[PDB]
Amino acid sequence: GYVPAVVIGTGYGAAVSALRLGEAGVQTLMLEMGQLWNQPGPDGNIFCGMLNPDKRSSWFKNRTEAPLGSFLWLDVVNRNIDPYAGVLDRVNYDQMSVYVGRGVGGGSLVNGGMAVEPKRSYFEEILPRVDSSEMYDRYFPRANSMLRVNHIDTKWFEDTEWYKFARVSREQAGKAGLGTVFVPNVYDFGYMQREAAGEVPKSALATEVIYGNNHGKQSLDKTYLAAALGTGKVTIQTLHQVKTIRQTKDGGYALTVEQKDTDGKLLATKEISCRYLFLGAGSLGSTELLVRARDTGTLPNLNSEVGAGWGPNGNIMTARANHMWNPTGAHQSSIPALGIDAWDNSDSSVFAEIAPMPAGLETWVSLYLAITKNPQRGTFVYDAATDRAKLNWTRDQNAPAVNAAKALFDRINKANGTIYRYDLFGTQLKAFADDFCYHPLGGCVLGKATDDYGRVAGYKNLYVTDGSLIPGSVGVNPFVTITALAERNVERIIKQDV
């Protein structure tokens, strides 16, 4: 049936959009292909931890997988599983694997909570058509407040065993003349203190993050989406995947929507129509819907920029072997708190999160997720044969990202007389993982596929809201940017269009 506004997905762009629509009095239906994560599972918890993965860990796979970097220690806990509507989806393209959340809250369910504003001068470089003053004066602050961003207590951080890993990398980076920064987070750091004191159930301190956190993490279901539901004007239907979008003969948009069970069985196909259609299906999902619509002739006026301009936020993972006298600790909080900021907007830029490892015993490894400035971009191209968007990225396109990460970590190795690990990402010697992405950005780029507020070119009342808007790179963990840009966009769209 008909609803005034439909929002596809329930990640950051979607959640912001739905809240503001509901506050404006616009009845809004959100369609989410994954689950509402609120049912206790076989262990009494909603989510599985990293040491006990089960079918809840994975979107329709037949075996669990170790978190990247951890195979040498966590393969032992892997098990065959039933394909199920689990929370983390590794999406495999030709030469790139992109990890995304599936559920009410999208990637907020599975991410590390790291809530970081981009450098203003870099924002101005990547999005020159956008007014940076309103972003920094108004929209970024609004996003941080509504996301429930908070800051770790420095004394607790300095003293706790749970962050020894971070302090070790800080000291090592310092010998190379590199500084660290604290990283704000949506995980409640007060709660985390009480976890360490044995006062509340552990989550971050029980090797949970990438398959969800049972406690502590303020994912979007607790923040924006709870508020959206609270308006009385928003509803969320789960296990509903939008497949096609067309412009109706009499006005607005019509969607074909598959309803499935948690085993993936098709229960129904429904037609849902609307006046205003907002895409918040992510870089991958929104772009796929639009390349499909263009190439199958249901939105034939979409432009050639739909599909273009994708990048992995320069994501590269690497690891160093510490000296025996610098153990990183058996107990590592699953929520990172420190990064190495070597980002100056030049091609050598690196912003690297000091990543915990989940092994739960001493390994002497320091792990890093580097964000780099690599101009290479990929394109999503529709394959009509399989009805899928395929990402045309090749592994060699990550060479500039590897080069920048390697130059930075080579400085740290030289200053400390340490070497890389080469064995964490497969049997072949490989110090830099260069074919994964946690931060997919682009495919429907702001000002290219859309106007400067995400209005899709060629169409009225059709909007993209999410990471597909970002031109491939923000230089930091992306969700605060996605949220702030969505605040800007929906506020303008409601004022001018609704």
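For every residue, the number given is its place in the sequence shown, counted from 1. Heads up, when I say rigid core I mean the largest set of C-alphas that superpose within 1.5 Å between the two forms.
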Superposing the other structures by the rigid core, the farther-displaced stretch by RMS over CA atoms in 5 other deposited structures of this protein, of 175-183 and 244-252, is 244-252
The stretch carrying the higher mean Cα B factor in the deposited entry, 331-339 or 353-361, is 353-361
Comparing 128-136 with 182-190, the higher average Cα temperature factor in the PDB entry belongs to 128-136
Top Cα B-factor in this entry, restricted to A399, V100, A115, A143, sits on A399
Reading the B-factor column for Cα atoms of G251, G378, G107, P312, the highest value belongs to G251
Chain-relative C-alpha B factor for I46 (record values, thirds): the lowest
Temperature factor at the Cα of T207, chain-ranked in thirds, falls in the middle
So, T287's CA B-factor, relative to its chain, sits in which third? The lowest
So, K155's CA B-factor, relative to its chain, sits in which third? The highest
Binned into thirds over the chain's modelled residues, the C-alpha B-factor of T372 lands in the middle
